[PDB]
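Down below is the structure, laid out as structure tokens.
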Amino acid sequence: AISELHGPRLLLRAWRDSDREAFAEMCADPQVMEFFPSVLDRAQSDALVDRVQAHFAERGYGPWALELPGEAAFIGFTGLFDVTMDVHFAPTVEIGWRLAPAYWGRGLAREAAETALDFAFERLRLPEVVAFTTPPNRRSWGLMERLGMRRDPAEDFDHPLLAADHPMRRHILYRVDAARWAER
Ligand SMILES: CC(C)(COP(=O)(O)OP(=O)(O)OC[C@H]1O[C@@H](n2cnc3c(N)ncnc32)[C@H](O)[C@@H]1OP(=O)(O)O)[C@@H](O)C(=O)NCCC(=O)NCCS
């Protein structure tokens, strides 16, 4: 079944149709040009939600919609995605996050990620979870290292789903294993 998880503040849940509106708004915001070359139109936003909902439908877990009881129905997503692409560290499971700027600076992505990794190791019994981003995305790989995920620069890779001359091609790899997760 589609796993519903609970943080102290956050509800990690399956996506609803109403979430597409809120996600599209996030992805149209000029502040996303810090992370992406250009803002997303509704068709692009909807294309990613389709991938998320496909993953949930096929696997029973995925990047959970973030509900904040007392505040907002949807502030972004955080959760697990199967790595199936042809890279050195695949097959494995990655953790990813996209938060509305209004909810930055509150440890909410931190809380969401801890809840997802608790699920990853205690429930799914995964040997490891990975994360990857571009070198300039300090906010994203900052959260990875604050979670206790660790990077080997030797494991830097070209993203095989991006063309050769794509500026974001070069990615850095973070890992956390069941063992290191228990140490917190
Ligand atoms: C990567 C991302 C999730 C990080 O979010 P964040 O809120 O900065 O990260 P955290 O949840 O770990 O919170 C850490 C911050 O909260 C603060 N904080 C306050 N209380 C805290 C607490 N109890 N625990 C942790 N941090 C806390 C920290 O001091 C830190 O502030 P800082 O960034 O100035 O150092 C966010 O920047 C993001 O989603 N970016 C991508 C957006 C995007 O791609 N959108 C496109 C949509 S299509």
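Note that the numbering runs from 1 along the sequence shown for the chain. Excluded from the calculations below are hydrogen atoms, water molecules and symmetry mates; all remaining heavy atoms, backbone and side chain alike, are included. When a ligand or atom number is given, it counts from 1 through the structure's own listing order.
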Problem set entry | Whether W104 and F35 hold their rings parallel, tilted or perpendicular, with breakpoints at 30° and 60° | perpendicular
Problem set entry | Heavy-atom donor-acceptor pair, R20 side chain to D46 backbone, under 3.5 Å | yes
Exercise. Parallel, tilted or perpendicular for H171 and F132, by the 30°/60° rule?
Worked result: perpendicular
For this session: Around atom 44 (O) of ligand 1, find the nearest protein heavy atom and jot down its residue, atom name and distance.
Result: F36 CE1, 3.7 Å
Exercise. So is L143 polar-close to ligand 1, meaning N/O to N/O under 3.5 Å?
Worked result: no
Exercise. Between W97 and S140, is any side-chain donor less than 3.5 angstrom from a side-chain acceptor?
Worked result: yes
For this session: Kindly assign one of parallel, tilted or perpendicular to the pair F119 and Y61, based on the angle between their ring planes and the thresholds 30° and 60°.
Result: tilted
Exercise. Is a side-chain donor or acceptor of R110 paired with a backbone partner of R146 at a separation under 3.5 angstrom?
Worked result: yes
Seminar exercise, completed: for atom 23 (N) of ligand 1, nearest protein heavy atom and its distance come out as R106 O, 4.5 Å
For this session: Check each heavy atom of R146 against ligand 1 and say whether those closer than 4.0 Å belong to the side chain, the backbone, both or neither.
Result: side chain
Exercise. Between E21 and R16, is there a side-chain N and carboxylate O pair less than 4.0 Å apart?
Worked result: no
Problem set entry | Closest protein heavy atom (residue, atom, distance) for atom 2 (C) of ligand 1 | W97 CD1, 4.4 Å
Exercise. Do ligand 1 and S140 have nitrogen or oxygen atoms that lie under 3.5 Å from each other?
Worked result: no
Problem set entry | Under-4.0 Å protein heavy-atom contact, atom 11 (O) of ligand 1 | yes
Exercise. Any N or O on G105 sitting closer than 3.5 Å to an N or O of ligand 1?
Worked result: yes
For this session: Please work out whether the ring planes of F56 and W64 are parallel, tilted or perpendicular, with thresholds of 30° and 60°.
Result: perpendicular
Exercise. Short list, please: which atoms of ligand 1 are under 4.0 Å from a heavy atom of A109?
Worked result: 3 (C), 5 (O), 11 (O)
Problem set entry | Atoms of ligand 1 close to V32 [distance to a heavy atom under 4.0 angstrom, numbered from 1] | 45 (N), 46 (C)
Exercise. Do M26 and ligand 1 have an N or O pair less than 3.5 Å apart?
Worked result: no
Exercise. Tell me, which protein residue and heavy-atom name are nearest atom 43 (C) of ligand 1, and how many Å apart are they?
Worked result: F35 CD1, 3.9 Å
Problem set entry | Main-chain N/O of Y174 paired to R150 side chain as donor or acceptor, under 3.5 Å | no
Exercise. With only distance considered, is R98 within less than 3.5 Å of ligand 1 through an N or O on each side?
Worked result: no
For this session: State plainly whether the residues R123 and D118 are in salt-bridge range, i.e. N to O under 4.0 Å.
Result: no
For this session: Decide, yes or no, whether a salt bridge links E155 with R175 under the criterion of side-chain N to carboxylate O below 4.0 Å.
Result: yes
Seminar exercise, completed: Paired with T115, the side chain to side chain contact (heavy atoms under 4.5 Å, CB included) test is passed by just one of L12, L66, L11, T78, namely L12
For this session: Measure the CG-CD1 distance between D19 and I75 for me, rounded to the nearest 0.5 Å.
Result: 11.5 Å
Exercise. Nearest protein heavy-atom contact for atom 48 (S) of ligand 1: which residue, which atom, what distance?
Worked result: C27 SG, 2.3 Å
For this session: Heavy-atom distances under 4.0 Å are what count here, so tell me which part of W104 touches ligand 1: side chain, backbone, both or neither.
Result: both
Problem set entry | Minimum-distance protein heavy atom relative to atom 27 (C) of ligand 1 | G107 N, 3.5 Å
For this session: Would you verify that at least one protein heavy atom lies under 4.0 Å from atom 32 (P) of ligand 1, or report that none does?
Result: no
Exercise. Are there protein heavy-atom neighbours of atom 29 (O) of ligand 1 below 4.0 Å?
Worked result: no
Problem set entry | Heavy atom of protein closer than 4.0 angstrom to atom 35 (O) of ligand 1 | no
Exercise. Counting each atom of ligand 1 from 1 as listed, which ones have a heavy atom of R139 under 4.0 Å away?
Worked result: 1 (C), 37 (O)
Seminar exercise, completed: At under 4.0 Å between heavy atoms, what of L99 touches ligand 1? The answer is both
Exercise. Between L108 and ligand 1, does any nitrogen or oxygen pair lie at a separation below 3.5 Å?
Worked result: yes
